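Next come C-alpha cells for two forms of one protein chain, structure 1 first, structure 2 second.
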Structure 1
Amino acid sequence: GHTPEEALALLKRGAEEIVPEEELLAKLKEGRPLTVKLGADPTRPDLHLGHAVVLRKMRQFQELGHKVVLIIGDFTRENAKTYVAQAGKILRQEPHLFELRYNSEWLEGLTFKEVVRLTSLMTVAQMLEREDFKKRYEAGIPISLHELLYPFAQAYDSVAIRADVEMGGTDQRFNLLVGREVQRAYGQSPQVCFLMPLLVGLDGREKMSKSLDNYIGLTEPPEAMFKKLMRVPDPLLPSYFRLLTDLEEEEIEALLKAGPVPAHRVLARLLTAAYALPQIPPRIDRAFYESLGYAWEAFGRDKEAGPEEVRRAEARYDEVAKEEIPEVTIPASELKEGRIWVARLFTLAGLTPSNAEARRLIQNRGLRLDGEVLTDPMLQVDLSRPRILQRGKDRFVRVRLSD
C-alpha cells in the first residue's frame, strides 16, 4: 500500500545518511523484495536500545515487503542464539522477510589469491583515511596489519548475499563504502549504504555500549527498564524519541512542553511496554500508546492505566523515586498486606529504640511522618512512595521499599 516515493519518505525518517539516495529510489521502483544486510559480531550477544536504532529501521523495510539477511560474523553458536533470540524482539522472522547466515560459511574458503585481488582494490593512503585508523596512525598508536583486511571480509559478505542495501551506524561508513567497491569488482550492482545515528548513553556524552556500562538492555526486566528510562538525561529526550519511537515532531514538542517528568513517563511507558512484549509492534507511536490504555491528553498523569506489566513497573519506580537525609530500605517481609505499623517503622529506621518508645513520643507530639505530627499511635503506613520520618527538630530518615 505504498508507492516507491512514499516508501522512500518513510525510510528516510530518522536516517543519518543514505548513499546514494537516488539509487535507493530506483531499486524501490523495481517491484521486488530488496535484500537488506546487517552484520553482527558474536562477541556482543545481548542487545540494548542502541542496537534498536538500526534494527527498527530494518523492521520497517520488512513491513514494506523487503528481506533482511542477518549475518553472524562468527569469522559462537551460543552467543549467536542469544543475539538471534533478542533480534527477534524487533525483526520479523518469516523466511520471506528474514534469513540468518554465518560468514564462516564462505569466508573460510576464501583463498590467498582472492585476498590479494580484494586488497588490490584500495591504496594504503585510502585505508589510512578511515577515521579510526587516521587518529591512531597520527597518534603513534599501533595498527596491526590484519585490521586492514577486515573491511574486505565485510565487503565480501555483501557479494556473498548479493546485498541491495547494507545497514549500519555512522561509524560503519567506511566499511559500507568498501562493500560498494568490492561489489563493483565482482560485477554486482553496488549496494545502497544506509546509515543511522548513534544513540548516546545514560551518561549523556558517550555512545551507548556494554563496555561503558551506560546502557539499557532490551531484555532487562520491565521494572528495571522503566527505572532507567525515567532517569535518562533531559537533554537526551529529543534524540531518544526520534531514534527509539515513531512520534511526530509536534507530538514530541508537546510532550517536552508539558515538562521533563511527563516526557519521561510517556517514553518509559512506550518503550517498557514495547520491549516487555515478545515482539514490538511495527509502529511505536501515539496509536500504540493509546492501545495500551493510556490517554495522550493525560500527559502521564494516568499512571493507573496501561497493561499490568507496565503498571507494576511504574509503581515500583514510584516506590523508590528519589541527599544529606539518611536513606533506609524496609524489608518487604516487614509489611502486612501492604502496610506497616508506624511504631515499627520508626524503630527499624533507628529513630526509636522500640515501638513503646515510639508511642510515647507520639503522645508527646515528638514525631512527624511526611512533615505531619503523628497523633495515632496505632497508625499504619503504606510504602507506595518513600516517606520521611522525623524525631524532634533535627532527626530525619527517609524510608522506602526494597533496594
Structure 2
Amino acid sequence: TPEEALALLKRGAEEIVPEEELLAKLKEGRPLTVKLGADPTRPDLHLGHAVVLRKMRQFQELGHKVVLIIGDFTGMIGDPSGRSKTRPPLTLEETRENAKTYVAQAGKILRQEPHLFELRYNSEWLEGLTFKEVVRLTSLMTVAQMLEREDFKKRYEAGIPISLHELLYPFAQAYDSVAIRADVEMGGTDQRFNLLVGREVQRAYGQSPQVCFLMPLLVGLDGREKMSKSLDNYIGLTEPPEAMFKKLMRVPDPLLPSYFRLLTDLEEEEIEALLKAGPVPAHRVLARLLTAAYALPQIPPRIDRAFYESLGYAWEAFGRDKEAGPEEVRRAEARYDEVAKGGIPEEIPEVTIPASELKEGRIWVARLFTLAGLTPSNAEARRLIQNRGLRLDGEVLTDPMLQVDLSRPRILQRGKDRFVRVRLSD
C-alpha cells in the first residue's frame, strides 16, 4: 500500500526529496519510472554500486519500472561531482566497451523482465542534441549558481583549473530525465546536484519534477574514501567468492554498521547483536551473506536472517558454525582460515613456463616471479625479498640471486595471500 511502500523505501535512504511527492506518486497506482544512470569510466560494478542498485531492485519488487541509463555519452564528457581535478578525457568507444560489463553485471541485482526493466544508452538522444537545445539548457542556470557547488567552489578558490565543459555535464544528465520522463532519479549523495538540476530542466520542459532519491555512499576498504574503481578500494560484484569473502573480512571495523545497513536487510536489532559478538564474528556473517548472495546468478529480493539460515547457517551460532553453509562459501571461508594460519590454500592458479625462458636449465627467482605475474618487475621482486615478502615452497626467500629449478612444480607466494603454482612445459 502507498503508505507502507514509502516505509520500506525510506529504510537506508540518506534522504528522499521531496518526500511528499514520492507519496503522491505512489498513490497514482501505476508503474513509476525509476532512473539510475552510471558512467562506465572504467569496467565492472562494485558493492558501492550495489547500494543504489539494490534500492532499484526494491522498487522493482513493488512493481515499478527501472530505467538503467548507460552514460556512454555523459561518460565521455566526465562528471565533475566530487572531483578535485578535471576528469581525464574518454572516448565514446572506450565508454561503450566498458558498458558491456555494466550491462552484464547489473543483472545480478536487477530484475530483467521488460515490464520491470529497460536499458538505454544516453548517446541515443544526447548525440543529436542541437546547439540551439544546448543554449536553451545552459540558459536555465547562472555562473554564481554553478560556483556554489562545493566542487567548483573549492577548486575555484584554491586556483585549480575548471574546464567550461565540466559546466555542461549536469545539463546532459538532466536532459536524460526529460528523455525518459523520470518519476524518480536514484543516486548516491555525490549526485545531489545533478539530480536537482534534473528537476530544473524537467520543469523547463513542462514535465513533473522527479523525486530525488539519495542513498549514502559506501566507504571503501581504505577506511575513509568512497568505494571507487579508481581508488582501488573496492569489492567487485563478479569477483570470485574466495576473493569477495577475504575482502569483506578486511572491512575496517567502524564501517561494519554501514556495510550491514547499505548491503543487507538485517534489522537494526540484529546488527547490534553481531557487533556485540565482536568484530571478527560480525565480519564472518557479513562475508557469508554477501559471498553467498553474489555467488548466485542474481541476488535474492532480501538479504535477511531468513536468507542466512536458508544457506545452512544458524543465527544463534554467531559465526561459529564454519562447517555449515553452501559449497562456494565454505571453501571460500576455508581458504581464508587456511591462509590466516600461514598455510597454502587448496586451489591455486597454475602457470606454465616455456623451457625457452630457462637460462642454463634454471630461472632467476626474480624473473620467475615476474613471468608468474606476481611482480611487475625483477627489481621489485628483489626488493620484496629484501623485505621478506616472497616465499618459495613455503620458505621465505632471502637470496635475491637464487636460481630456481623447475624440474617439478613450485609454489610461489607474494605477501599474505597471493599464490601461483608454476611448472615447466616443453
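Whichever C-alpha set is largest while still superposing within 1.5 Å between the two forms counts as the rigid core. Numbers follow structure 1, counted from its first residue as 1.
Among the candidates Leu367, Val68, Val54, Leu47, displacement between the two structures reaches 2 angstroms at the C-alpha for one position only, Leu367 (superposition on the rigid core). Once the cores line up, the CA of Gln86 ends up less than 2 angstroms apart between the two structures. Relative to the superposed core, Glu30 undergoes a Cα shift smaller than 2 Å between the two structures. Once both forms are overlaid on the rigid core, the distance between the two CA positions of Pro331 between the two structures is 2 angstroms or more. Superposing the two forms on their core, we find that the Cα atom of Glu249 is displaced by 0.4 Å between the two structures. When the core is overlaid, the C-alpha of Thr347 ends up 26.0 Å from its other position between the two structures.
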